[PDB]
Amino acid sequence: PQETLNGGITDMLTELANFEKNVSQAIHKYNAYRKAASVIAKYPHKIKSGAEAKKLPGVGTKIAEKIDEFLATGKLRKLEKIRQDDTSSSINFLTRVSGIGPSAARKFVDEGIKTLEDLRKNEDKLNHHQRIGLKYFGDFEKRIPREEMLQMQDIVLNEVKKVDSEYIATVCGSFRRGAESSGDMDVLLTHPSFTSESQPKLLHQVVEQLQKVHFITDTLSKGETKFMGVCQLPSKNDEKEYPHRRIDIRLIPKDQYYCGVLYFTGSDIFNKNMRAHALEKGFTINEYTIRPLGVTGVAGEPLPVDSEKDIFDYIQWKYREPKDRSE
DNA sequence: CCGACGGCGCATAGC
DNA sequence: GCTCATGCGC
DNA sequence: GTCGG
Ligand code: NA
Ligand code: NA
Ligand code: NA
Ligand code: NA
């Protein structure tokens, strides 16, 4: 369905969502508004009334009422009011810096730190993550075209193999499902030496090599199993440089790797659907394992998994290609 | 009526 | 010095 | 804010 159908409604609900999550600190209302916006985005008719919307799951009495106001007047009084409120619009805005959540945004605005410029003058008050988020504010809000994702994957897979040819690495996310663009890069890493029953430098060696070839440019956080940072493709002699990009790398034990690859490939609705069907066949699937449920619901030991297909086989599903996992 | 709505790795008050 | 709740992002 | 036990 294109924007012209119900765009005004879904923009409104998304705006309301953000203020719940950044100003009111009401995460479940944020998700309620997002759920409503998405079920409306998939509705293939221009909505004529709130009552019509209320038949969709996730739209209830209050959003129906809102839609009625929006349809009759072309706006929402409460949203118009909050939009012009200097304090709340600043809190909302500051959370677009990665590392600034609702709490940090709230304290900054309470101190009169309201703009990107203000944060720039107050680096003393920013932790490491927030400084990186500030430095790359614009680049982090850009999407990554798939051709660049392919070039980034070339580097990651080459450097990983160079460190140890027994590493296994998979770029997941919507990119693995064929997406034409991405918001970041999500890399899943394992090694045969690393199981649930088994070194503390497996992740570090890969991060270090990616830094040595100057692909990784900054680190947001890094422990023994998860790295979150910044990377940039190299630019040619005269060309404009590429944007800095968000990259996460996680090291998963080999016996949980393909459950991990399944989960972080998605989509989210595909994941819900697969887990629902697994319950009906007597299995519980999470990020890490698939386990049988006993007749009284008691989970057994994780089942051995050596491919994504093994998981599909356990639950009597035909193997779905990543490109066919939109739901 | 009223609890659940995801859970966890990593960076950063309280004893 | 330590443990760990909280914030944050995903 | 919405859903459902
Ligand atoms: Na509904
Ligand atoms: Na944000
Ligand atoms: Na943020
Ligand atoms: Na090797």
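Lettering follows sequence order; numbering is per chain, from 1.
By the 4.0 Å N-to-carboxylate-O rule, A:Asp139 lies close enough to A:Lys142 to be salt-bridged with it. Salt-bridge check for A:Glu141 with A:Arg96: passed, with a basic side-chain N closer than 4.0 Å to an acidic carboxylate O. Salt-bridge annotation for A:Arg325 and A:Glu308: present, with a side-chain N of the basic residue lying under 4.0 Å from a carboxylate O of the acidic one. Using a cut-off of 4.0 Å between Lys/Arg side-chain N and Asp/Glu carboxylate O, A:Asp248 and A:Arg246 are scored as salt-bridged. Under a 4.0 Å N-O distance rule, the pair A:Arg320/A:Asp324 does not qualify as a salt bridge. Classification of A:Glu15 and A:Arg83 as a salt-bridged pair holds, one side-chain N sitting under 4.0 Å from a carboxylate O.
Side-chain proximity of A:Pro102 to B:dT12, C:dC8, D:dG1: nearest is C:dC8. Looking at the side chain of A:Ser103, the nearest of the listed nucleotides B:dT12, C:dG7, D:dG1 is C:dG7. Closest to the A:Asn127 side chain, of the nucleotides D:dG1, C:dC8, B:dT12, is B:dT12. If you check D:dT2, C:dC8, C:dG9 against the side chain of A:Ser98, the one that comes closest is C:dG9. Considering only side-chain atoms of A:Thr225, the nucleotide from C:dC8, B:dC10, C:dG9 that sits closest is B:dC10.
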(message) Let's test your reading of the pairing rules: Watson-Crick or G-U wobble, both distances under 3.5 Å, then write DNA chain B as a dot-bracket string with ( ), [ ], | and dots.
(response) ||||..|||||||||
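Residue A:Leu56 contributes atom CG, which lies 10 Å from atom P of D:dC3 at whole-angstrom precision. As rounded to whole Å, 14 Å separates atom P of B:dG9 from atom CG of A:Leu203. In this entry the distance linking CD1 of A:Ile27 with P of D:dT2 reads 16 Å, nearest Å. When rounded to the nearest whole Å, the span between CG of A:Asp184 and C1' of C:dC10 equals 9 Å. Across the protein-nucleic acid pair, A:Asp268 atom CG and C:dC10 atom P stand 14 Å apart, rounded to whole Å. The interatomic distance linking A:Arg34 (CZ) with C:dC10 (P) rounds to 12 Å, in whole Å. A:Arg106 places its CZ atom 12 Å from the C1' atom of C:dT6, with the value rounded to the nearest Å. Atom-to-atom, CD of A:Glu65 to P of D:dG1 comes out at 10 Å; the value is rounded to the nearest Å.
Nucleic acid contact class of A:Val97 (heavy atoms, under 4.0 Å, all strands): sugar-phosphate only. Within 4.0 Å of A:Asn286, counting heavy atoms only, lies no atom of the nucleic acid at all. Within the 4.0 angstrom heavy-atom criterion, no nucleotide atom of any strand lies near A:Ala36. Backbone-only engagement by A:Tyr33 is indicated by non-hydrogen atom pairs under 4.0 Å involving sugar-phosphate atoms exclusively. Contacts of A:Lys226 with the nucleic acid, taken as non-hydrogen atoms under 4.0 Å apart, involve only primed sugar atoms and P, OP1 or OP2.
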(request) Walk me through it: do A:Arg250 and A:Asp186 pass the test side-chain contact (heavy atoms from CB on, under 4.5 Å)? (result) CA-CA 8 Å; A:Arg250 33 188 137 215; A:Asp186 205 11; 3.1 Å; yes
(request) For A:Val206 and A:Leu210, run side-chain contact (heavy atoms from CB on, under 4.5 Å): C-alpha distance rounded to whole Å, both residues' side-chain angles, the deciding distance at 0.1 Å, then the answer. (result) CA-CA 6 Å; A:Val206 166; A:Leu210 291 169; 4.0 Å; yes
(request) Using the side-chain contact (heavy atoms from CB on, under 4.5 Å) rule, take A:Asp310 and A:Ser307 through it: C-alpha gap first, then chi angles, then the decisive distance, then the call. (result) CA-CA 5 Å; A:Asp310 281 355; A:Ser307 55; 3.3 Å; yes
Between the protein and nucleotides 4-7 of chain B, list every N/O to N/O distance that falls short of 3.5 Å.
{"unit_1": "B:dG6", "atom_1": "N2", "unit_2": "A:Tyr263", "atom_2": "OH", "d": "2.9"}

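Side-chain N/O atoms of A:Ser221 include none lying less than 4.0 angstrom from OP1 or OP2 on B:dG9. Residue A:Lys62 places at least one side-chain N or O under 4.0 Å from the OP1 or OP2 atom of D:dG1. For the OP1/OP2 pair of C:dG9 and a distance below 4.0 Å, the side-chain nitrogens and oxygens of A:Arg246 include no atom meeting the criterion.
Regarding nucleotide B:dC5, the torsion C1'-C2'-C3'-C4' is greater than zero, so its sugar is described as north.
Atom CD1 of A:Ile315 sits about 8.5 Å away from atom CZ of A:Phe283, to the nearest 0.5 Å.
For the P atoms, the distance from B:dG6 to D:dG4 is 15 Å, rounded to whole Å. Separating the P atom of C:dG9 from that of B:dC5 is a span of 22 Å, rounded to the nearest Å. For B:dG3 and C:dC10, the P atoms lie 32 Å apart once the distance is rounded to whole Å.
With sequence neighbours left out, A:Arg146 forms a side-chain hydrogen bond (donor to acceptor under 3.5 Å, both in side chains) with no residue at all.
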